[PDB]
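Structural overview
Listed below, chain by chain, are the residues.
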Amino acid sequence: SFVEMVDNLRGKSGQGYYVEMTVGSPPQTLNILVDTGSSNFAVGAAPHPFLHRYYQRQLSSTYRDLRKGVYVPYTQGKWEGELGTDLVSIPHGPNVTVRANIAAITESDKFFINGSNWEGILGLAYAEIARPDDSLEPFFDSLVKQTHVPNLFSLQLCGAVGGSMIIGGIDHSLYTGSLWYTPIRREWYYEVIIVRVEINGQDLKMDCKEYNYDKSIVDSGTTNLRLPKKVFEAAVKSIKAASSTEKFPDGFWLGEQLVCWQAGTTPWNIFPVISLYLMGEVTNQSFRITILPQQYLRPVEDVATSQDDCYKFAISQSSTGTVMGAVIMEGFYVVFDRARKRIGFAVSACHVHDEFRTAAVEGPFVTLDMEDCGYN
Ligand SMILES: CC(C)(C)c1cccc(CN[C@H]2CS(=O)(=O)C[C@@H](Cc3ccc4[nH]cc(CC(F)F)c4c3)[C@@H]2O)c1
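Residues numbered from 1 in each chain as written, not as in the entry; some residues may be left out. Heavy atoms only, no water.

Details of the overall build of the protein chain
Defined as follows: Runs of E in the DSSP output that reach at least two residues are strands. Runs of H or I that reach at least four are helices, and both are numbered from the N terminus. Each radius of gyration is computed over the set of C-alpha atoms, and the globule rule expresses the reference value as 2.2 Å times the number of residues to the power 0.38. Residue burial is assigned from relative accessible area. The probe radius is 1.4 Å, only protein chains are included, and a residue is buried under 20% of its type maximum, exposed over 50%, and partly exposed in between. Working definition of accessibility: Shrake-Rupley area with a 1.4 Å probe, residue cover restricted to the visible protein chains. Charge assignment in this entry is limited to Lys and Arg as positive and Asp and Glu as negative, and neither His nor the chain termini are counted. The atom standing in for a charge is NZ when the residue is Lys, CZ when it is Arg, CG when it is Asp and CD when it is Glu.
Tallying secondary structure elements over the protein chain gives four helices and 26 strands in all. Against the compact-globule benchmark of 21 Å for 376 residues, the protein chain has a radius of gyration of 20 Å, which places it among compact chains. Across its three principal axes, the protein chain shows a C-alpha extent of roughly 60 × 50 × 40 Å. Burial statistics for the protein chain: of 376 residues in total, 55% are counted as buried. Total accessible area on the protein chain stands at roughly 16,700 Å², and carbon and sulfur atoms take up 48% of it. Between the averaged position of the 32 positive side-chain charges in the protein chain and that of its 42 negative side-chain charges there is a distance of 4 Å.

In structure tokens, the structure reads:
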């Protein structure tokens, strides 16, 4: 039964997608950010100006202190805390309880968001990137070990937000058309390989290893599509050329300035689609996912800006590889098939579209080139 797991995610634009979890005995309810880009389960466990509730260890009779400190520095934001174990459940997920590692966050810097409505983070990637080191078993590994739940999960993130995390199986009600799979190159992040990028159907014509310098990952905790410097600059130039009819603030393309139009007058049609071709499961085959401006120009929720419709450019520069974040994942049904070491993409029920264009997953595409596109 996955019907009860449907629509178990909530969120605000730019502030991630969260699921309700409980920790401790008796259970304490907390909202937890779903993040495929990390591997630590961590919850606020001390007062913070931006937390309206937190994990109170002294009130759980099943809490065990591991007497070990832990620190996680993200690209933006960091926290410090104390490791322990306790019982964890997902009320609107699988009907199981597991004992898992939990980092009790005691200090933090730019981690919690004012008004985000979540109080913790669930890192769904592999032990390789867990802190303090890879010996700290991640939540999903514990869940599979301790229960009969199949080793996979899927995410349907929906734009303005909500969505579904389905654990243990595939919900065919959440997508249409074909599911296309790209291999997980290595299990640490969910690392994948991009073999080609097009803007409105025009090839960026780079050596395809540049697209994966120095890795490409699928990362639900990150809002933006992040691209390696060289690829970012070229994509921005290509996108600028398409939307040349309208001029925008210099800081817009830097993600430092919003662009606003009168309510309901956003000129979506002047902006190009972006296609990412992902390595297929068969030699020299790929498939493409196509992203509309409704995805990469993300609406800002702030009430202060609500007189018009304002958007932030949700593509940004990366020094640590490509990050296919939420704006890439939104509208797609994304299957993290850990058992078969692959990630699947299909058009979801909440996929982005207007009358002329639609987000799509299409294939196969074939290349004569014999160069692998993985970096290093
Ligand atoms: C493995 C680890 C050491 C955690 C690490 C270090 C650098 C980069 C990564 C890749 N994954 C990262 C990329 S990121 O830092 O942009 C967002 C991060 C999750 C994260 C962390 C704090 C956060 N605070 C607010 C948000 C909401 C977000 F949507 F803006 C948020 C999301 C991912 O988890 C992992």
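Next, the rest of the story.
Looking at the packing of aromatic side chains
Short version of the rule: Working definition: rings of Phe, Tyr and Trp (its six-membered ring) pair if their centres are within 6.5 Å, and the pair is stacked with planes under 30 degrees apart, edge-to-face with planes over 60 apart, and tilted otherwise. Look at NZ for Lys and CZ for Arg. If either is within 6 Å of the ring centre and within 35 degrees of the ring normal, a charge sits over the ring.
Applying the stated criterion across every chain, the model contains 28 aromatic pairs. Ring centres of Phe 248 and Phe 252 lie 5.4 Å apart, and the angle between their planes is 45°; on these two criteria the pair is classed as tilted. When sorted by exposure, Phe 248 lands in the same class as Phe 252, which is buried. Here a set of aromatic residues connected by ring pairs shows up, and it is made of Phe 248, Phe 252, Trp 253, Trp 261, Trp 268, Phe 271, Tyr 296, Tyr 311 and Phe 313. Across the ring face of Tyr 277, the terminal group of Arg 196 is positioned such that the distance to the ring centre comes to 5.7 Å. Sitting above the plane of the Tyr 181 ring, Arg 342 keeps its charged end 3.6 Å from the centroid.

Examining the UniProt feature "disulfide bond" in the protein chain
To keep it simple, the criterion reads: Only a pair of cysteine sulfur atoms within 2.5 Å qualifies as a disulfide here. UniProt positions are given in the numbering used here, feature names are shortened, and annotations may be inferred rather than shown by experiment.
For the UniProt disulfide linking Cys 158 with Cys 350, the SG atoms sit 2.0 Å apart, under 2.5 Å and consistent with a formed bond. Classification of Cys 158 as buried rests on a relative accessible area of 12%. On the basis of relative accessibility, which here comes to 23%, the residue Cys 350 falls in the partly exposed class. Here the UniProt disulfide linking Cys 260 with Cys 310 is intact, its two sulfur atoms sitting 2.0 Å from each other. On the criterion of sequence distance, the pair formed by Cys 260 in strand β17 (residues 259-261) and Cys 310 in strand β21 (residues 309-313) is long-range, its members being 50 residues apart. Residue classification places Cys 310 among the buried residues on the basis of a relative accessible area of 7%.

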